[PDB]
Amino acid sequence: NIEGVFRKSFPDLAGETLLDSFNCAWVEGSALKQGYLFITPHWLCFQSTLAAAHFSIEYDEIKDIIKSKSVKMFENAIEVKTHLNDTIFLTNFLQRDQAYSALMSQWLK
């Protein structure tokens, strides 16, 4: 029912097809929120599984996407840098390589 989460959380994106989705967590400082990364043709979105916290960012707002270096077994993060110089930290991916590839495909057009 991942589509239902998307359609409830992002009604402004009701015309967007859901191309892919990934389990991960949004981390901001000391706060971690487990949730879902959604990839649509124009938007990168996240909704927390058990909390209100969510975001949506257009690919034309994204300056860079980094597959974070790690020598730790269970850390698997992606960093999203915006043109407004914000940084979004996504962690705890089960399929980080696949997520990163799916991101590249839409961001690089």
# chains A, B, ... in the order shown; residues from 1 in each chain; ligands from 1

call {"tool": "residues_around", "arguments": {"residues": "residue 32 of chain A", "least_positions_apart": "6", "cutoff": "9 Å", "atoms": "only C-alpha atoms", "output": "PyMOL selection string"}}
result
chain A and resi 25-26+91

call {"tool": "write_last_selection", "arguments": {"atoms": "N, CA, C and O atoms", "output": "PDB file, in the first residue's frame"}}
result
ATOM      1  N   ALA A  25      15.648   6.265   6.117  1.00  0.00           N
ATOM      2  CA  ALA A  25      15.320   7.148   7.213  1.00  0.00           C
ATOM      3  C   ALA A  25      15.846   8.523   6.896  1.00  0.00           C
ATOM      4  O   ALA A  25      16.891   8.682   6.271  1.00  0.00           O
ATOM      5  N   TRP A  26      15.099   9.517   7.333  1.00  0.00           N
ATOM      6  CA  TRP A  26      15.504  10.905   7.215  1.00  0.00           C
ATOM      7  C   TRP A  26      16.192  11.277   8.521  1.00  0.00           C
ATOM      8  O   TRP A  26      15.640  11.060   9.604  1.00  0.00           O
ATOM      9  N   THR A  91      19.304   8.023   5.255  1.00  0.00           N
ATOM     10  CA  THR A  91      20.151   6.952   5.782  1.00  0.00           C
ATOM     11  C   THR A  91      19.394   5.625   5.864  1.00  0.00           C
ATOM     12  O   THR A  91      18.215   5.558   5.547  1.00  0.00           O
TER      13      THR A  91
END

call {"tool": "select_by_dssp", "arguments": {"residues": "segment 47-98 of chain A", "states": "helix (DSSP H, G or I)", "output": "ChimeraX atom specification"}}
result
/A:59-61,96-98

call {"tool": "write_last_selection", "arguments": {"atoms": "N, CA and C atoms", "output": "mmCIF file, in the first residue's frame"}}
result
data_model
loop_
_atom_site.group_PDB
_atom_site.id
_atom_site.type_symbol
_atom_site.label_atom_id
_atom_site.label_comp_id
_atom_site.auth_asym_id
_atom_site.auth_seq_id
_atom_site.Cartn_x
_atom_site.Cartn_y
_atom_site.Cartn_z
ATOM 1 N N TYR A 59 13.293 18.017 -8.749
ATOM 2 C CA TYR A 59 14.656 17.782 -9.220
ATOM 3 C C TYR A 59 15.342 19.071 -9.672
ATOM 4 N N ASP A 60 14.571 20.065 -10.126
ATOM 5 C CA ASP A 60 15.207 21.304 -10.573
ATOM 6 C C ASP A 60 15.623 22.191 -9.392
ATOM 7 N N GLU A 61 15.387 21.706 -8.174
ATOM 8 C CA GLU A 61 15.826 22.365 -6.947
ATOM 9 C C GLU A 61 17.059 21.683 -6.344
ATOM 10 N N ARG A 96 20.463 0.895 -1.221
ATOM 11 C CA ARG A 96 20.992 2.229 -1.512
ATOM 12 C C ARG A 96 21.448 2.398 -2.955
ATOM 13 N N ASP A 97 22.140 1.400 -3.484
ATOM 14 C CA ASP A 97 22.615 1.485 -4.863
ATOM 15 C C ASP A 97 21.442 1.651 -5.822
ATOM 16 N N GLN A 98 20.396 0.863 -5.613
ATOM 17 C CA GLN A 98 19.211 0.947 -6.459
ATOM 18 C C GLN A 98 18.535 2.301 -6.295
#

call {"tool": "residues_around", "arguments": {"residues": "segment 70-75 of chain A", "least_positions_apart": "4", "cutoff": "12 Å", "atoms": "only C-alpha atoms", "output": "JSON, numbers by chain"}}
result
{"A": [24, 25, 27, 66, 89, 90, 91, 92, 93, 94, 95, 96]}

call {"tool": "closest_residue", "arguments": {"among": "A:77, A:19, A:84, A:5", "to": "residue 40 of chain A", "atoms": "only C-alpha atoms"}}
result
A:19

call {"tool": "closest_residue", "arguments": {"among": "A:58, A:20, A:64, A:86", "to": "residue 36 of chain A", "atoms": "only C-alpha atoms"}}
result
A:20

call {"tool": "select_by_dssp", "arguments": {"residues": "segment 51-95 of chain A", "states": "strand (DSSP E or B)", "output": "MDAnalysis selection string"}}
result
chainID A and resid 54:58 62:67 78:82 87:91

call {"tool": "write_last_selection", "arguments": {"atoms": "N, CA and C atoms", "output": "short mmCIF file (atom, residue, chain, number, x, y, z; two decimals), in the first residue's frame"}}
result
data_model
loop_
_atom_site.label_atom_id
_atom_site.label_comp_id
_atom_site.auth_asym_id
_atom_site.auth_seq_id
_atom_site.Cartn_x
_atom_site.Cartn_y
_atom_site.Cartn_z
N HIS A 54 7.72 15.09 6.67
CA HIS A 54 7.81 14.75 5.26
C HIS A 54 8.42 15.91 4.49
N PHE A 55 8.92 15.63 3.29
CA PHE A 55 9.36 16.71 2.43
C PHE A 55 9.12 16.34 0.97
N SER A 56 9.12 17.34 0.11
CA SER A 56 9.13 17.10 -1.33
C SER A 56 9.99 18.16 -1.96
N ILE A 57 10.86 17.74 -2.87
CA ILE A 57 11.75 18.67 -3.54
C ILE A 57 11.77 18.34 -5.03
N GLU A 58 11.67 19.38 -5.85
CA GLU A 58 11.68 19.17 -7.30
C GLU A 58 13.11 18.87 -7.75
N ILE A 62 17.46 20.56 -6.94
CA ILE A 62 18.55 19.75 -6.39
C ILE A 62 19.86 20.09 -7.10
N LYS A 63 20.85 20.49 -6.31
CA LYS A 63 22.16 20.88 -6.85
C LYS A 63 23.10 19.69 -7.01
N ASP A 64 23.03 18.75 -6.07
CA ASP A 64 23.95 17.60 -6.08
C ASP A 64 23.36 16.48 -5.26
N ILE A 65 23.77 15.26 -5.59
CA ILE A 65 23.34 14.06 -4.87
C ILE A 65 24.59 13.21 -4.67
N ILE A 66 24.92 12.92 -3.42
CA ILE A 66 26.15 12.21 -3.07
C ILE A 66 25.85 10.87 -2.43
N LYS A 67 26.53 9.82 -2.89
CA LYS A 67 26.41 8.50 -2.28
C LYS A 67 27.48 8.43 -1.20
N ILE A 78 22.59 8.63 1.65
CA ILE A 78 22.62 9.49 0.48
C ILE A 78 22.41 10.92 0.96
N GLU A 79 23.18 11.84 0.41
CA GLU A 79 23.04 13.24 0.77
C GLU A 79 22.55 14.05 -0.41
N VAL A 80 21.50 14.83 -0.17
CA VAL A 80 20.92 15.66 -1.22
C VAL A 80 21.17 17.13 -0.91
N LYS A 81 21.86 17.81 -1.81
CA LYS A 81 22.17 19.22 -1.64
C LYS A 81 21.26 20.05 -2.52
N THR A 82 20.64 21.08 -1.94
CA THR A 82 19.74 21.91 -2.72
C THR A 82 20.42 23.17 -3.25
N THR A 87 21.04 20.83 3.04
CA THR A 87 21.44 19.44 2.84
C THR A 87 20.45 18.50 3.52
N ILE A 88 19.96 17.54 2.75
CA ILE A 88 19.04 16.52 3.26
C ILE A 88 19.80 15.21 3.40
N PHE A 89 19.74 14.62 4.59
CA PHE A 89 20.43 13.36 4.86
C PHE A 89 19.45 12.20 4.90
N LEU A 90 19.63 11.25 3.99
CA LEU A 90 18.82 10.03 3.98
C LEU A 90 19.71 8.84 4.29
N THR A 91 19.30 8.02 5.26
CA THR A 91 20.15 6.95 5.78
C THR A 91 19.39 5.62 5.86
#

call {"tool": "atom_distance", "arguments": {"atom1": "atom CA of residue 68 of chain A", "atom2": "atom CA of residue 100 of chain A"}}
result
10.5 Å

call {"tool": "residues_around", "arguments": {"residues": "residue 22 of chain A", "least_positions_apart": "4", "cutoff": "7 Å", "atoms": "only C-alpha atoms", "output": "MDAnalysis selection string"}}
result
chainID A and resid 36:38 99

call {"tool": "closest_residue", "arguments": {"among": "A:9, A:15, A:53, A:85", "to": "residue 41 of chain A", "atoms": "only C-alpha atoms"}}
result
A:15
